[PDB]
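Chains as they are written, first to last, in the authors' numbering: chain A, 299 to 338, 350 to 716; chain B, 299 to 338, 348 to 718.
Let me begin by presenting the structure, written as structure tokens, before commenting on it.
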Ligand code: HEM
Ligand code: HEM
Ligand SMILES: Cc1cc(N)nc(CCc2cncc(CCCN(C)C)c2)c1
Ligand SMILES: Cc1cc(N)nc(CCc2cncc(CCCN(C)C)c2)c1
Ligand SMILES: C[C@H](O)[C@H](O)[C@H]1CNc2nc(N)[nH]c(=O)c2N1
Ligand SMILES: C[C@H](O)[C@H](O)[C@H]1CNc2nc(N)[nH]c(=O)c2N1
Ligand SMILES: [Zn+2]
């Protein structure tokens, strides 16, 4: 019941007491571990509110105080009367930050307390949502000096008035399937690109076309909006030693901004809560550029370096992968766009992890996601045993809107 | 029940039914996943059901389930258990058992080869000297002048737990590690503790960077004894780089035969506490872990210096860059000396094919993702994108505590 994690590089052991407060399920059982699986009413509501308020009021050193009791009382009344309740600004900010804090798959959580929170709960329309999102993008981008932020739109009511952002990220490149059989642009974004076109987007059918926003307010039909181009910061990709790299035509956007998750706080559900931080280098160089089901550019890069691609044992893929990733970090750094390499980030997480164990009694973490997709064992997290478990407030996955939406 | 795994690169979906035959625990609960945790004397009471479970499986595999031979064998084991409190496996059952433990080893990427396992029956062995001889033959046979053959040697099963056979070495062949008074380490830092024991047990350490450790062998619960593997039997490969001529001057080499000797083999409730096994190396085990772990030989700095990489910013990826060339050198070296080795690309792709075949023919293939994914270049190998289900089947290889923490010294 009091669990221990070992670092096999430093022999350091930590004791986890925090997991006892876990509520949601993992997917795993005593008979089977699903650690590598990507996706495993009023009576319901008040205990949820109370659990949340109890930790809010405990966090502000006023547990069991009049203001505490009063709030509980007050929220209990409002749930009884309204079948829901509204979070106070203070609670909203706490909840959002703690959702990030609890995100067991996120390596960048050392930053958790510095989340800029934008209360968009007064928003009523998609144009409204658009205005709020452009403001988010511009604030967070900050001319390349990125700042973490989240914008929170009205909470769910009866599930038929949901606010949803249909894009998976605020900024992503379109994907087009060619009559020639291949795929132009980002293959991960093909299906969404079709919905855009089906909703009226006129695609430029280029390779790096910034997608339009599909915004949905109050459970209404989603609307299309183009982000002001001058608000979308992009970085041309060059290599510091290889002159020819620039001719590969590669660029990436500076702002990673997840927009399809569900934020849960005290039983309330925020279905539209786009948040953003800044890139770890490998997300772009390893995953986005080198995944077979993405831009898949390894072969072309390798050819340009003139490597022996005859046998896998020349490790030409590995060589090219390093250089591709060198170029990304180099390109961003040269243009003063905030980026972090996988070494620096993982080292930060180990410090954060220790901090959490020391001050909170633990830190839920998913090793499968925390370990970077390249050079894993030369990063400290690889040798770090982690306990994975679900704490609330949380960001959750939710079904894509098109399967849900009654047009 | 039915469970589905998805490959996020190819969208191939597979269905696991085999996990239903899982008995043992994972360490996980509905409230906690322990998937990245490294480590999460028996009565006749529990023994026969375990025996029966195994024998039922064995007889099904040979298509004789419910036969008279099946029924007689269960009867025979039942009686041997009540008369003698244990039982002996037939040769056929031992071989089947040993292959299936490998097959069930959810952390092993090399399981495509599982049916091709050379089983050496050392159950007649009675002394440490006898163990030495058996192990020498294993090493020679498995090395095969560089054309490596998987083998396992099985010593007598546990009885009352006071007469265990144990190989005290974690691996048959390993390099000594010596802590210096200045805090530095000569040799393999992983093996410092064991080296000290060996020295204490009478080993004359030559104290170099690559000294092959003596065998420390325990027979029938007696004190362990030292033996030195004949040098001529220990195949080693000098490490050089195909393009970089200075790489040879780093003075590196490794041994060709990876051979785990500190694990426990469970077959039908029987415990084999001494069961060394060997296959051949995946390049990254040496090039990434053995050379590049900070707690091991830790050569990244010295290599990157010789390459003249920018070592001021970690964002130059100088560590990643040196790590690749080192792994290039390990593969090049082994191939050049005609010693069996496999690269992580080849090995993971082979595993994926193996895993799919197992779903089709067996209804599942338990796999530990954390261990299956190579320690470099993870997502450019197909396993990274493979959802896997981890569960425990028997026969199995289990961890057991180090013998020096348990052994009652006869003295
Ligand atoms: C500021 C620097 C940040 C860094 C370096 C960072 C890094 C990462 C990385 C590498 C991943 C793995 C995702 C992938 O490979 O696709 C991830 C996941 C995640 N991050 Fe962070 N992130 C940052 C900011 C944030 C912020 C501001 C939030 C929330 C307010 C957040 C919440 C999450 C969540 C919920 C996931 C899991 C997403 C999923 O499961 O699909 N991150 N992060
Ligand atoms: C023939 C070529 C083989 C290859 C390429 C291979 C590959 C590997 C690798 C890379 C590991 C991870 C080791 C580490 O990173 O610490 C591993 C683990 C393991 N292997 Fe294999 N293996 C082979 C043969 C065998 C054989 C013959 C057996 C048994 C008869 C076996 C049983 C196991 C077991 C039980 C583990 C888990 C070790 C642990 O839990 O500490 N392997 N294998
Ligand atoms: C805020 C933030 C910061 C950062 N450095 N990276 C991210 C990336 C998060 C992210 C990007 N693409 C995709 C996913 C999820 C893909 C897999 N889903 C289906 C589980 C998540 C987000
Ligand atoms: C038969 C075999 C073949 C092969 N290619 N590799 C191996 C390596 C197995 C191996 C080697 N060192 C260390 C470990 C992990 C040890 C267990 N934990 C507790 C440190 C595992 C074994
Ligand atoms: C199948 C496996 O779970 C899948 O490839 C996961 C592995 N780890 C990951 N880790 C991160 N950070 N991001 C990912 O998308 C994935 N994908
Ligand atoms: C804590 C973590 O599980 C530990 O460092 C593991 C990670 N995955 C591994 N995978 C392999 N093949 N070998 C290892 O030693 C480890 N170590
Ligand atoms: Zn688990």
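All C-beta atoms, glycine included, are put in the ideal place defined by N, C-alpha and C.
DSSP-derived helix/strand/coil call for residue i
i, result
"residue 561(A)", "strand"
"residue 379(B)", "helix"
"residue 495(A)", "coil"
"residue 703(B)", "strand"
"residue 648(B)", "strand"
"residue 478(A)", "strand"
"residue 347(B)", "No atoms of residue 347(B) appear, because in chain B residue 338 is followed directly by 348."
"residue 525(A)", "strand"
"residue 545(B)", "strand"
"residue 636(A)", "helix"
"residue 414(B)", "coil"
"residue 318(B)", "helix"
"residue 642(A)", "helix"
"residue 694(B)", "coil"
"residue 473(A)", "strand"
"residue 445(A)", "helix"
Short Cβ contact (8 Å threshold) for residue i with residue j
i, j, result
"residue 400(B)", "residue 365(B)", "yes"
"residue 385(A)", "residue 355(A)", "yes"
"residue 710(B)", "residue 473(B)", "yes"
"residue 607(B)", "residue 620(B)", "no"
"residue 685(A)", "residue 685(B)", "yes"
"residue 545(A)", "residue 640(A)", "yes"
"residue 451(A)", "residue 331(B)", "no"
"residue 467(A)", "residue 483(A)", "no"
"residue 714(B)", "residue 681(B)", "no"
"residue 593(A)", "residue 637(A)", "yes"
"residue 426(B)", "residue 405(B)", "yes"
"residue 699(B)", "residue 367(B)", "no"
"residue 675(B)", "residue 413(B)", "yes"
"residue 540(A)", "residue 447(A)", "yes"
"residue 398(B)", "residue 428(B)", "yes"
"residue 307(B)", "residue 390(A)", "no"
"residue 521(A)", "residue 500(A)", "no"
"residue 677(A)", "residue 677(B)", "yes"
"residue 533(B)", "residue 509(B)", "yes"
"residue 316(B)", "residue 575(B)", "no"
Among the options, nearest to residue i - alpha-carbon criterion
i, options, result
"residue 471(B)", "608(B), 582(B) and 350(B)", "582(B)"
"residue 430(A)", "465(A), 602(A), 447(A) and 407(A)", "465(A)"
"residue 630(B)", "708(B), 413(B) and 599(B)", "599(B)"
"residue 656(A)", "424(A), 416(A) and 489(A)", "416(A)"
"residue 410(A)", "517(A), 714(A), 624(A) and 665(A)", "665(A)"
"residue 322(A)", "549(A), 396(A), 403(A) and 673(A)", "673(A)"
"residue 683(B)", "591(B), 534(B) and 699(B)", "591(B)"
"residue 506(A)", "492(A), 334(A) and 523(A)", "523(A)"
"residue 437(B)", "414(B), 461(B), 426(B) and 448(B)", "461(B)"
"residue 670(A)", "318(A), 310(A), 308(A) and 307(A)", "318(A)"
"residue 419(A)", "615(A), 705(A), 499(A) and 660(A)", "660(A)"
"residue 528(B)", "575(B), 516(B), 348(B) and 314(B)", "348(B)"
"residue 497(B)", "576(B), 336(B), 570(B) and 605(B)", "605(B)"
"residue 579(B)", "518(B), 396(B) and 363(B)", "396(B)"
"residue 402(A)", "597(A), 458(A), 610(A) and 635(A)", "458(A)"
"residue 291(B)", "706(B), 705(B) and 679(B)", "The structure shown does not extend to residue 291(B), since chain B is modelled only from 299 to 718, so the question has no answer here."
Beta-bridge partners of residue i, as assigned by DSSP
i, result
"residue 397(A)", "According to DSSP, residue 397(A) bridges with nothing at all."
"residue 302(A)", "313(A)"
"residue 566(A)", "585(A)"
"residue 459(A)", "426(A) and 584(A)"
"residue 534(A)", "522(A)"
"residue 574(A)", "577(A)"
"residue 331(B)", "697(A)"
Item to check | Residues whose Cβ lies closer than 5 Å to any heavy atom of ligand 7, in chain order | outcome: Per the Cβ criterion, the list is 326(A), 331(A), 333(A), 326(B), 331(B) and 333(B).
Item to check | Any heavy atom of ligand 3 nearer than 6 Å to the CB - residues listed | outcome: Listed by chain position, these are 336(A), 417(A), 565(A), 567(A), 584(A), 585(A), 586(A), 587(A), 588(A), 589(A) and 592(A).
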